[PDB]
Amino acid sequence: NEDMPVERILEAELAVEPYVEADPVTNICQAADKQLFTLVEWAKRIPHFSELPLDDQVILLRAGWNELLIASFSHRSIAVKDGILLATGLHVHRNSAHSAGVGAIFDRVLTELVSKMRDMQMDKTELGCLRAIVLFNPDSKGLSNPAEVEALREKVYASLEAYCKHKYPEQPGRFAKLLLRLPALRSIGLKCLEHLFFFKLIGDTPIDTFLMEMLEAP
């Protein structure tokens, strides 16, 4: 906990993350653009992120933003049963997502992420730590010092494990259960990106400036 305190990761979550029914896809994309601004503020509050070279900060956020945002709105959505809660104060119902052509990815979000976060009562410290692990992705291409990012990831998951063992000692598998939602998060992030590139290609869905910038090459 010493060089990567979970208390500071929780503080980062609480600092950035405080409904009416919502083309729902336009509303979803507007909320994503809004939350990219919030994501930069979140990352600056994660210990040692701001100490990396600027180029590496850019690389990590460009590599991770979609998984980072999906984890956040999925955890936010534990509070409803049949919908996703957008950061703009709008709810997207299952029926609304399906009627807009994005039912399959909606269903994956609810079945692989929201419902599983709810089932295990994943807390905000655990969410923040999983997000910090995603942020400190040492496989991100072009990093100036991948081993330094590897080291930061290791500090996060060591702190997370100690947190879980202290708060949930009756659940010895909890730490692994948390980490084992990251393959699903990766898949769902890739599928969301595929949709966004298609929306950009067809041109019938407004995409605001920061979301558009994240869809630039490379």
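The numbering used is simple: start at 1 and walk along the sequence shown. By rigid core we mean the largest C-alpha set that fits within 1.5 Å across both forms.
Between 78-86 and 126-134, the larger mean CA deviation from the shown form in 8 other deposited structures of this protein, after core superposition, belongs to 78-86. For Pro18, the record comparison shows coordinates absent in at least a third of the other entries of this protein that model its neighbours.
Per the record, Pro18 and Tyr19 are separated by 4 to 9 deposited residues that have no coordinates.
According to the record, the deposited sequence contains 10 or more residues between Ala22 and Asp23 that were left without coordinates. The mean Cα B-factor in the deposited entry runs higher for 141-149 than for the other of 120-128 and 141-149. Between the stretches 42-50 and 185-193, it is 42-50 that shows the larger average CA temperature factor.
Within the listed group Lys177, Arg62, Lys167, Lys34, the record reports its top CA B-factor for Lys167.
Ranked by C-alpha B-factor against the other modelled residues of its chain, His75 falls in the lowest third. When the modelled residues of the chain are ordered by their C-alpha B factor, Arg108 lands in the lowest third. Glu67: CA B factor lies in the lowest third for its chain, per the PDB record.
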